[PDB]
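K.L.:
PDB entry and its sequence, pasted below:
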Amino acid sequence: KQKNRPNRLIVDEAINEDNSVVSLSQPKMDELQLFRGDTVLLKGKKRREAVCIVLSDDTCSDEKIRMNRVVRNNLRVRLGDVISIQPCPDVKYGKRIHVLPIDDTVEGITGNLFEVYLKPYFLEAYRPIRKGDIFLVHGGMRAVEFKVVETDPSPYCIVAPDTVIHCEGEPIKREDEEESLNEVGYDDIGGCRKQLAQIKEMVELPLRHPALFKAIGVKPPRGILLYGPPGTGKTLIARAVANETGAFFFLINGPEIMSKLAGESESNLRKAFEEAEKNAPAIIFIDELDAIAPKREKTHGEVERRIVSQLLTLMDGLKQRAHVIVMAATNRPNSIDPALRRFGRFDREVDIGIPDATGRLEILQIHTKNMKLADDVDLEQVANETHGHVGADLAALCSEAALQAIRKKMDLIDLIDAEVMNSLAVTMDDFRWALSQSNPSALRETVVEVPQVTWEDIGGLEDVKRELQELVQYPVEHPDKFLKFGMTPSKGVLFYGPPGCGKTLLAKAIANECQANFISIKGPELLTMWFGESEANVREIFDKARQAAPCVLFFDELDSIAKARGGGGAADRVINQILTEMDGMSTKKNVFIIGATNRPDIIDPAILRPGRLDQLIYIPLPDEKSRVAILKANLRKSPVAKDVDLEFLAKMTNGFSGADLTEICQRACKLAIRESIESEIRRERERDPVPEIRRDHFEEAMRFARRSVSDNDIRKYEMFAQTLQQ
Amino acid sequence: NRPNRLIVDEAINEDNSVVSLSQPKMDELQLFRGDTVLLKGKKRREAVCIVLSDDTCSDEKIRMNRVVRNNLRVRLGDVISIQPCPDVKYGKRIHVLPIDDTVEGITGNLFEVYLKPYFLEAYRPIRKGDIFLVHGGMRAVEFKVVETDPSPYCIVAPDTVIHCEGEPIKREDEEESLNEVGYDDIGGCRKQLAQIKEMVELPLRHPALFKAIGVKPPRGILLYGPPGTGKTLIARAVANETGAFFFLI
Ligand SMILES: Nc1ncnc2c1ncn2[C@@H]1O[C@H](COP(=O)(O)OP(=O)(O)O)[C@@H](O)[C@H]1O
Ligand SMILES: Nc1ncnc2c1ncn2[C@@H]1O[C@H](COP(=O)(O)OP(=O)(O)O)[C@@H](O)[C@H]1O
Ligand SMILES: Nc1ncnc2c1ncn2[C@@H]1O[C@H](COP(=O)(O)OP(=O)(O)O)[C@@H](O)[C@H]1O
């Protein structure tokens, strides 16, 4: 970025008396790509926006903006605060504009307010406004404020001379100016920025750059595939990259292509492309491509493969034909025909995936920005407790929570619009009941995320942590050292020993401090792929690994598949595929393959071959610093008080595994919950928060023994450590 | 629960032309005597009858018609509402067609036999399609409104004649016009029926509440279940308690 976010400006008094005119300086408008007659989008406090025309000023300061008292009150700011300016170069003219004056400004005057106030104020003026601007109109020896109600270009527009002005009777008053309907934009798009920036580049370079693609010679984004779960803001993304760029959108959908009969399938599909040809600033988006073009064995018909044929003969031959780009949507990239997915056209494919916790948080922030809540819910625990939900399901979650809030209160008056909005309130219980009544769709899917451990759960093995940093982090940070000597780094590592979940948190910490993606490969999913006789599922997983580069590929226990066999054997139907993936693994892109086993005697010797899975790391029994780190993780995200004896467990529970010391904490927590609720039972029988688990309950939690490790297996692990002791 | 909705008096007679007067309720609201007074039952049903005819009912109760008691609600001993709506325009000789009991006895002139010697200047201002039972001897003969000369609720002029070419069709068509719509009439797994009742009833009667939320969750509802469960009657029961066009395919 730049210093101090240089669109931030200081409000100052103006010289011009115009309401819709703000003033800047000469090198500021040159740096911010601003003209002397162009329009901007001003943003300020209390999430209030403004649309204005920047004019040149000579008395204006370098880092200040001159404006009158109207925009200062419209942005709800006083003298001395900071405001921001955003350029708005894509404004369209308005069609119908509804204006209603405030009640105190029309007391004493009667008649038509259009020909006296509205007609001279907009007589070839072209003043831009937004929804909620209160602008002062002078006339009849008075000063009457007029407020924008609703425009057909609903976010922002310029008053055309053909715009019909609506000034009907019974106006609204000064209120909380609630938002209820709008048009989408880049801020409306949620958490997709790692791919939103890429597709932003691949549509911004087609914008107003004809000679740039002549400098390339060829246009690189000929066809763009956007695949993911159904409903991941797909047409929202397509509509968002159209209006702010400035083009003709003209969406068509595959069901509407099949909606016409035989012979009419060429009608309104080719004609869409001559429509795109006659309007060179345009994009093309098609929805449900699997309904048009499935796989070749799935093409069980004649008219549908005819439609596939006109799509192919229209998609191959638009090479520099009004420089239009083409977008498409599908569930998975292999669901479409692979002959469509070749090169020359339809090559710039991109994944979207599910949102993360912060992406879900900002999606819910967008969906709850327009609706006033009870302002005591944090909205972060709501977006953090959800898991595997599409953004459409978050919108449905917000709608059902509002339905819960409406159904909680009884019936009001029937139909003013000032009773069921200012009484809107949602609780933690409202969204919690809404969380139960919310069917997800992104479940049963390989999630992609950057998790958060922040390196301090890990106890001991600091040289092992340094080796894991040098294998993964430092090729990303300093690849010039590895290109200095040309050494191919060890991209594959093995974990063996007790059944620990600390290797999972190790991989999570690698993805965290690497700031890279994570993929959790499940052992039950591996046996699903084995017993389901579908060994081709590895390929799209590794394709998602390539498209989510850099990433961490945490595989579970691979010896369980060999445990299912034991007549004997070395490799299985899933095992031999990942060796071909490792041979197909490039040394670039910083995609790491990390393995997690328990018993390495029953694994493939081809895994033990060099270049496939390179080095083996033993994870030993937990140590006392790792035991107090385990107790710190037990104290992580849990309300606890003082007088805790963290050194009490490590002196005698050294023979137990780390899950036993974890289960001590959950058992003491359930004991605390049980004693608190029987204290509630005592309170009800008789008709303080007690936030600390008292350590007698901790000692009753550590009393029972469930030692899951075996000492002979520990000697077996030490025997393989001595085998690797060279 | 509304002040208009009040408990109903028992049916003294089976006449559509007689409504008893409740004088404390007449002192409560502002109802004007004369031609037309609007009344509502339940499930979005509209009807009009005259007032100040009998003066038999006591305070906070009004005696109404028999046909607005058996229809326009789910049962007797329930609420009835009133509404002032006077001096509407006039119609001409509606409800010429009987449906059920013409096949026994004689046909007659079909309105000079049982309609003319029974009415007392309340010229049946009912919904076009609603019924009313009247006969001289048996007093259980219904008819159906088929002539639609007036578009709003209008009384007709007395001693008017139109074409008498109407023929009876069926008896069960009155029962099949509802086809037994009722939440008591439906069987009901009451939990799932409660959520579907909520998620259609919040669409019901409050179209502007969708502007308050801004998001509409009902855009389509699947009905999972094994066949034989009344799935084609569950949607029929959800309809016509709301009041809309059902139109199954
Ligand atoms: N990522 C998202 N962010 C915000 N809103 C979303 C998102 N995904 C879906 N929605 C909501 O879901 C509705 C339909 O979007 P979507 O299901 O993506 O359409 P399509 O499936 O045709 O791409 C929209 O009204 C939008 O508000
Ligand atoms: N380097 C390390 N050495 C020892 N223990 C560790 C290390 N890093 C993390 N741990 C701890 O080991 C525990 C994982 O072992 P455990 O809970 O017994 O296995 P599981 O949960 O798979 O049954 C985690 O709670 C973690 O805090
Ligand atoms: N749950 C129910 N409540 C009331 N009537 C029912 C119910 N289930 C079946 N019936 C009766 O059974 C007959 C056939 O209905 P049914 O087989 O349930 O249709 P569908 O299976 O399409 O819902 C209907 O005439 C209906 O009266």
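P.N.:
That came through fine. Numbers count the residues shown, from 1 in each chain, chains lettered A, B, ... in the order given. Ligands and ions are numbered 1, 2, ... in the order given.
K.L.:
contacting residues for whichever residue of the stretch 401-550 of chain A sits closest to ligand 1?
P.N.:
Residue of the stretch 401-550 of chain A nearest ligand 1, by Cβ to the nearest ligand atom: residue A:441 (9.9 Å). Backbone N, C-alpha and C define where each C-beta goes, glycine included. Contact analysis of residue A:441 by Cβ atoms under 8 Å, 6 or more residues apart in numbering or on different chains lists A:229-231, A:388-390, A:392-393.
K.L.:
And these, which is closest to residue A:699?
P.N.:
residue A:388 (39.1 Å; Cβ to Cβ).
K.L.:
Was I right to think the closest one contacts residue A:440?
P.N.:
Yes: using Cβ atoms under 8 Å, residue A:388 makes contact with residue A:440 at a distance of 4.9 Å.
K.L.:
residues bridging contact with these two, i.e. touching both?
P.N.:
Residues touching both residue A:388 and residue A:440 by Cβ under 8 Å, 6+ apart: none at all.
K.L.:
In TSV: the contacts of residue A:441, plus secondary structure and distance to ligand 2.
P.N.:
Output for the contacts of residue A:441, formatted as TSV (DSSP: H, G, I helix; E, B strand; the rest coil; distance: Cβ to the nearest ligand atom, whole Å):
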residue	secondary structure	distance to ligand 2
A:229	coil	29
A:230	coil	34
A:231	coil	35
A:388	coil	22
A:389	coil	26
A:390	coil	30
A:392	helix	35
A:393	helix	30
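K.L.:
Am I right that residue A:700 is in a helix?
P.N.:
Yes: judged by DSSP: H, G, I helix; E, B strand; the rest coil, residue A:700 forms part of a helix.
K.L.:
Tell me, how many residues neighbour it?
P.N.:
Here the count is done by other Cβ atoms under 10 Å in any protein chain shown, and residue A:700 has 13 residues near it.
K.L.:
gap between it and ligand 3?
P.N.:
Here residue A:700 is placed at a distance of 53 Å from ligand 3 (Cβ to the nearest ligand atom, to the nearest Å).
K.L.:
Is it possible to mark the buried ones in the contacts of residue A:441?
P.N.:
A:229, A:231, A:389-390, A:392-393 (16 or more other Cβ atoms under 10 Å in any protein chain shown).
K.L.:
can I get these in JSON lines with distance to ligand 1?
P.N.:
Converted to JSON lines, those look like this (distance: Cβ to the nearest ligand atom, whole Å):
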{"residue": "A:229", "distance to ligand 1": "9"}
{"residue": "A:231", "distance to ligand 1": "3"}
{"residue": "A:389", "distance to ligand 1": "10"}
{"residue": "A:390", "distance to ligand 1": "6"}
{"residue": "A:392", "distance to ligand 1": "4"}
{"residue": "A:393", "distance to ligand 1": "8"}
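K.L.:
now, among these, which is nearest to chain B?
P.N.:
Using Cβ to the nearest Cβ, residue A:392 comes nearest to chain B of those, at 10.7 Å.
K.L.:
and that closest one, what does it touch?
P.N.:
With Cβ under 8 Å, 6+ apart, residue A:392 has these contacts: A:231-232, A:441.
K.L.:
10 Å instead?
P.N.:
Residue A:392 sits next to A:229-234, A:236, A:363, A:441 when contact means Cβ atoms under 10 Å, 6 or more residues apart in numbering or on different chains.
K.L.:
Ligand 3 next: which of the residues you listed are close?
P.N.:
By Cβ under 6 Å from any ligand atom, no member of the contacts of residue A:392 lies near ligand 3.
K.L.:
Just give me the closest of these to residue A:148.
P.N.:
In terms of Cβ to Cβ, no member of the contacts of residue A:392 lies closer to residue A:148 than residue A:236, at 25.3 Å.
K.L.:
Residue nearest the middle of chain A, spatially speaking?
P.N.:
residue A:191 (2.0 Å; Cα atoms, centre = their mean).
K.L.:
Correct me if wrong: that residue contacts residue A:450.
P.N.:
No: using Cβ atoms under 10 Å, residue A:191 is not in contact with residue A:450, being 11.3 Å away.
K.L.:
Between the two, which contacts overlap?
P.N.:
Going by Cβ under 10 Å, 6+ apart, residues that sit against residue A:191 and also against residue A:450 are A:356-358.
K.L.:
Selecting buried members of those in PyMOL, what would you type?
P.N.:
Entered in PyMOL, the line below selects the buried ones among those, by 16+ other Cβ under 10 Å:
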select buried, chain A and resi 356+357
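K.L.:
Show me the shared contacts of residue A:191 and residue A:450 that map onto strands.
P.N.:
Judged by DSSP state E, strands contain none of the shared contacts of residue A:191 and residue A:450.
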